[PDB]
Protein chains: 2
Amino acid sequence: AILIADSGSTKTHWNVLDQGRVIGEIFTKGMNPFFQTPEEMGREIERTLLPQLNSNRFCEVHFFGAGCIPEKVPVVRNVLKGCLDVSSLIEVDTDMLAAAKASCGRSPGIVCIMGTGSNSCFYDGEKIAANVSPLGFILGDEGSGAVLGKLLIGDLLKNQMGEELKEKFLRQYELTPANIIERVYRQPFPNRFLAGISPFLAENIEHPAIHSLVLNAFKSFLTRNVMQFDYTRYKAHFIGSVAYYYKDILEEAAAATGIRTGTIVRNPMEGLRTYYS
Amino acid sequence: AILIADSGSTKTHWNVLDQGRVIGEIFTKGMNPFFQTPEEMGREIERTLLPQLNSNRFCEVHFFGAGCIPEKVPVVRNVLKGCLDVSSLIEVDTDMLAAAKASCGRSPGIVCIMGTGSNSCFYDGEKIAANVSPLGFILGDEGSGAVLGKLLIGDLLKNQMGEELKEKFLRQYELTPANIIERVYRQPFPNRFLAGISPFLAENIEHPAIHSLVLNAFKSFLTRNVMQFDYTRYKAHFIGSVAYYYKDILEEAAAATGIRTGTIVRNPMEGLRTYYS
Ligand SMILES: CC(=O)N[C@@H]1[C@@H](O[C@H](C)C(=O)O)[C@H](O)[C@@H](CO)O[C@H]1O
Ligand SMILES: CC(=O)N[C@@H]1[C@@H](O[C@H](C)C(=O)O)[C@H](O)[C@@H](CO)O[C@H]1O
């Protein structure tokens, strides 16, 4: 009856709710209209949800995803229309609203996302009131795996952390200098590439230089994004993968810059299903 | 009868030298194999110079251009071979060697490029011995117009330099945030876009925040790139447009980083032309 989604830049999880229960859970690759034309978006969409759904018809469909700026929301909604059957109108918004509906539900509060990309907001109870548009992983997205990987590759190959870690990194993923620039500048979804090579940071987090890179990235995010809200009486609900597995470094950078924190979960799906019933 | 060129990712100049003089000069847009396949680069080459190029059949031909790393040198080298007719063997290199031959000729010294992109090297007298390969404007290129433009836009729309400069920037180039993000993530040659909006820094240099942003970008460049060379007895020949019109901030950052300075040219061609005959 209802279909729920949350499209990250690298992956997408889909949920099917009927009479308030979960009758199906789906995974797909990431969809961002700034990395995917509607053909790629849609032909992928053909290959995705439809095969694992006995019935392709619904009454309500709610799709939240990265790159879903208002200028691109109708584009993505028409992509989903040419593949689904819903009795009412399709809602299409950003992943921030999914995170907010998941964390706070019908109540207000601050919500931030740290995964493939980064983002920060204040939320009313039914809609996002304010938002720092993150500009992406080239002009912002500070503190997220794609940016972490961007920083790490840059620092390593500028000989800023020595040869040992540089060689362990380039050997662990069997990459030459050419692979990076080809993968980042000429190959689809370079943010996936960066966010995927970024867990090397977690692997060698005991090194001060790597721990400091992660900490200073978290610092810059909080400074340039979360500080723009009333962070002195609001418990920032953090959602995302980077924020979950780097919990300690995030709490480090938060106590440094005075940013407050509340509940920190990795995926909004279980909080989203609670909201819809 | 020889032709020498130097194509930055934004522009390209071609020269045909006979009788010790320059007998003809044509200009075309920039070609970079990481934002243009070599055919597309090439499909313009038909449109620009050849229609006017009286003879495409001459002796030696030597082409230097950005993004033209060893992994990419042969592809571009055959593209010029399958239309062009040159009597001797093909030279293919990066813009750094043109800058070095122009700046240093047959003598050594440190040579740096500051325009659309960044790069760093020490040069012997026939070829570059050491180099910090800049990885481009997404993983490095610190101190370059695209990176300067990247930083300024990022800071502005995250409200890090106020509303006055942010608004003056967005109305003066008649850009909205979505247009920005569309131009950087979906539009060809985003490095030109950033480097073209970057002169806003020089225009508003009286603001402390912008002067410090430009200076600190220059600082880290010297730090992460030039410091990797012998900067204590070598007078760094800086080459480029950014380096000429931001001369004072560069000398500031040079006294800041103890780094020495030499010659500042924006374009190398007559020094390149001086080298050949
Ligand atoms: C241009 C781009 O990719 N933005 C995305 C965001 O998308 C919304 C629509 C936005 O741009 O504001 C997304 O919420 C965050 C977290 O996933 O990462 C950013 O990179
Ligand atoms: C990935 C990329 O585009 N790098 C280019 C450089 O190209 C060389 C070959 C290199 O990549 O090492 C170029 O020298 C400088 C200055 O123009 O700008 C960078 O952006």
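Rules used in this analysis
Residues numbered from 1 in each chain as written, not as in the entry; some residues may be left out. Chains lettered and ligands numbered in written order. Heavy atoms only, no water. Residues with missing side-chain atoms left out of burial classes, pairs and counts. Least-squares fit on C-alpha atoms. Contact = heavy atoms within 4.5 Å. Core = buried A, V, L, I, M, F, W, Y, C linked by side-chain atoms within 4.5 Å. Buried < 20%, exposed > 50% of the residue type's maximum accessible area, 1.4 Å probe, protein only. 1 Å grid on protein atoms, 1.4 Å probe; cavity = no way out; pocket = protein on both sides within 12 Å on 5 of 7 lines; lining within 4 Å. Points joined across faces, edges and corners; volume = space filled by probe spheres on them. Helix = DSSP H or I, 4+ residues; strand = E, 2+ residues; numbered from the N terminus. Nonpolar A, V, L, I, M, F, W, Y, C, P; charged D, E, K, R; others polar. Axes fitted to C-alpha atoms, helices over the stretch in contact; angles between N-to-C directions. Parallel < 35°, antiparallel > 145°, perpendicular 65-115°, else oblique. Left-handed = near helix turned anticlockwise from the far one by under 90°. Buried area = accessible area lost by both parts, 1.4 Å probe. Salt bridge = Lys/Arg side-chain N within 4 Å of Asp/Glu carboxyl O. Polar contact = N/O pair within 3.5 Å; in protein donor to acceptor, adjacent residues only side chain to side chain. Patch = residues over 30% accessible without salt bridge, like charges linked within 9 Å, V, L, I, M, F, W, Y side chains within 5 Å. Areas by Shrake-Rupley, 256 points an atom, 1.4 Å probe, with all protein chains shown as cover. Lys, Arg positive; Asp, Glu negative; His and termini not counted. Charge placed at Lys NZ, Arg CZ, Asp CG, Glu CD. Near = heavy atom within 4 Å. Pairing = 2+ DSSP bridges. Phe/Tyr/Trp six-rings, centres within 6.5 Å; stacked < 30°, edge-to-face > 60°.

Visitor: Looking at this structure, I do not really get the relation of the copies chain A and chain B. What am I missing?
Guide: The operation relating the pair of chain copies consists of a rotation about an axis and a translation along that axis. When chain A is fitted to chain B, the residual RMSD is 0.7 Å, and the transformation amounts to a turn of 179° plus an axial shift of 0.2 Å. Here the two chains are linked by the operation of a two-fold rotation axis. Among all C-alpha atoms of chain A, that of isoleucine 138 of chain A lies closest to the rotation axis, at 3.3 Å. Of the residues that chain A buries at the interface, 97% are likewise interface residues in chain B, meaning the two copies contact each other through the same surface.

Visitor: Please explain the nonpolar core as it appears in this structure.
Guide: Side chains of a nonpolar character, in soluble globular proteins, are inclined to be buried together. All names here are of chain A. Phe218 and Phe238 are the most contacted members of the largest nonpolar core, which totals 102 residues. Look past the residues within four positions of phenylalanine 218 in its chain and what remains in contact with it is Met114, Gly143, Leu148, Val242, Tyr246, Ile249, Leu250 and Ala253. Formed by 21 residues, the second largest nonpolar core is a distinct cluster that contains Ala5, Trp14, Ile26 and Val61.

Visitor: When you look at empty space enclosed by the protein in this model, what are you seeing that I'm missing?
Guide: If a probe the size of a water molecule is rolled over the atoms, the empty space left behind becomes visible. Residues and elements named next belong to chain B. By volume, the largest cavity amounts to about 160 Å³. Going through the elements one at a time, α1 (38-47) and α2 (73-81) are the ones with two or more residues in the lining of the largest cavity. If you tally residues by element for the lining of the largest cavity, the top one is α1, at four residues. The residue inventory of the lining of the largest cavity, partitioned by class, reads 13 nonpolar, one polar and no charged. Here the second largest cavity defines a volume of roughly 120 Å³. Here the lining of the second largest cavity is built from residues that sort into eleven nonpolar, two polar and two charged.

Visitor: So what exactly am I meant to see when it comes to the packing of helix α4 (residues 145-157) of chain A against helix α7 (residues 190-197) of chain A here?
Guide: When two helices pack together, their arrangement is given by the angle between the helix axes and the distance between those axes. Residue and element names in this part refer to chain A. Between α4 and α7, the least distance of the axes is 7 Å, while the angle of their chain directions is 75°. By the angle class used here, α4 and α7 are roughly perpendicular. Seen from α4, the contacting residues are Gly145, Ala146, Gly149, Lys150, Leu152 and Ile153; seen from α7, they are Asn191, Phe193, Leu194, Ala195 and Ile197.

Visitor: Explain the packing of helix α4 (residues 145-157) of chain B against helix α5 (residues 163-172) of chain B here, please?
Guide: All names here are of chain B. At a minimum axis distance of 9 Å, the contact between α4 and α5 shows a crossing angle of 120°. Of the possible angle classes, the one that applies to α4 and α5 is oblique. Crossing of α4 against α5: the hand is left-handed. Taken together, the residues of α5 that come into contact with α4 (itself represented by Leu152, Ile153, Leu156 and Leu157) are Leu165, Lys166, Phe169 and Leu170.

Visitor: Would you take a moment to explain the interface of chain A and chain B for this structure?
Guide: Accessible area lost upon the coming together of the parts is a frequently used measure of interface size. Contacts between the two partners involve 36 residues from chain A and, on the opposite side, 39 residues from chain B. In this assembly, chain A packs against chain B so that about 3100 Å² is buried in total across both faces, 61% of it on carbon and sulfur atoms. Ranking the residues of chain A by area buried against chain B places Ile138, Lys158 and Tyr185 of chain A at the top, with a combined share of 26%. A salt bridge links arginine 224 of chain B to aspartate 155 of chain A; the nearest nitrogen and oxygen atoms lie 2.3 Å apart. Our count for the contact surface shared by chain A and chain B stands at 22 residue pairs in polar contact. Going through the elements one at a time, α4, α6 (177-185) and α9 (208-224) of chain A are the ones with two or more residues in the side of chain A that touches chain B.

Visitor: Mind showing me how you'd approach a negative patch on the surface here?
Guide: A surface patch of negative charge is lined by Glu39, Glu40, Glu44 and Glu46 of chain B. You can see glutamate 46 of chain B is positioned in helix α1.

Visitor: Even after reading the chapter, I still don't get the site of ligand 1, so can you show me in this structure?
Guide: Taken together, 15 residues surround ligand 1, and among them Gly67, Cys68, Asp95, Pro134 and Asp141 of chain A come closest. Each of chains A and B places residues next to ligand 1. The separation between an oxygen atom of ligand 1 and a polar main-chain atom of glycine 67 of chain A is 3.0 Å. In isolation ligand 1 offers 450 Å² of accessible surface; the protein chains occlude 94% of this area. By residue class, the composition of the shell around ligand 1 is six nonpolar, seven polar and two charged.

Visitor: Can you walk me through the site of ligand 2 in this structure?
Guide: Residues and elements named next belong to chain B. Neighbouring residues of ligand 2: 15 residues in total, closest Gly67, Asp95, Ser118, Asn119 and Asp141. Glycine 67 places a main-chain nitrogen or oxygen 3.0 Å from an oxygen atom of ligand 2. Contact distances for ligand 2 include 2.4 Å between an oxygen atom and a side-chain N or O atom of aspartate 95. When the free accessible area of ligand 2 is taken as 450 Å², the share hidden by the protein chains comes to 92%.

Visitor: Which parts of the structure should I look at to understand unusual backbone geometry?
Guide: Across the chain, the bulk of peptide bonds are trans and the bulk of non-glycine residues have phi less than zero. For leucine 135 of chain B, which is not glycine, the phi torsion reads 65° and is therefore positive. In this structure, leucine 135 of chain B sits in the loop between β10 (128-132) and α4.

Visitor: Could you clarify how one ought to interpret the sheet that holds strand β7 (residues 91-93) of chain B in this entry?
Guide: By way of backbone hydrogen bonds, the strands of a sheet pair with one another, either parallel or antiparallel. Residues and elements named next belong to chain B. Overall, mixed pairing links the five strands, which are arranged β3-β2-β1-β5-β7 in an open sheet. Here the strands that pair on one side only, and so sit at the sheet edges, are β3 (21-29) and β7. Ignoring which end each strand starts from, the neighbouring axes of this sheet average 10° apart. Looking at chain direction, strand β1 (residues 2-7) and strand β5 (residues 61-65) are connected through five bridges and run parallel. Residue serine 7 lies in a different strand from β5, and its bridge partner there is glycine 65.

Visitor: What exactly am I supposed to notice about the packing of aromatic side chains here?
Guide: The geometry of two aromatic rings is summed up by the distance between their centres and the angle between their planes. Using the criterion set out here, one finds 24 aromatic pairs over all chains in the structure. Ring plane angle 50° and centroid distance 6.1 Å describe the contact between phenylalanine 35 of chain A and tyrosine 185 of chain B, whose orientation is recorded as tilted. Separated into two different chains, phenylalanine 35 of chain A in the loop between β3 (21-29) and α1 (38-48) and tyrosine 185 of chain B in helix α6 (residues 177-185) make up a pair that spans both. You can call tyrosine 185 of chain B buried: its relative accessible area is 16%.

Visitor: Sorry if this is basic, but what is going on with the sheet that holds β3 of chain A here?
Guide: Residues and elements named next belong to chain A. Taken in spatial order, the five strands of this open sheet run β3-β2-β1-β5-β7, and their pairing is mixed. Both edges of this open sheet fall to β3 and β7 (91-93), since each of them pairs with a single strand only. Between one strand axis and the next, the sheet turns through 10° on average, direction left out of account. The pairing of strand β2 (residues 11-18) with β3 spans eight bridges and is classified as antiparallel. By the bridge assignment, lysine 11 is partnered in β3 with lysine 29.

Visitor: Just checking my understanding: could you explain the pairing of strand β9 (residues 118-123) of chain A for this structure?
Guide: Regular strands have side chains that alternate between both faces of the sheet. Residue and element names in this part refer to chain A. Judged by how many residues are buried, β9 sits mostly within the fold: six of six residues are covered. Burial of β9 is two-sided: the residues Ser118, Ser120 and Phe122 facing one way and the residues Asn119, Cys121 and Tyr123 facing the other way are all buried. As consecutive antiparallel partners, strand β8 (residues 109-114) and β9 are separated by three residues. The hairpin formed by β9 and strand β10 (residues 128-132) contains four residues between the paired strands, and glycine 125 there has a positive phi angle of roughly 130°.

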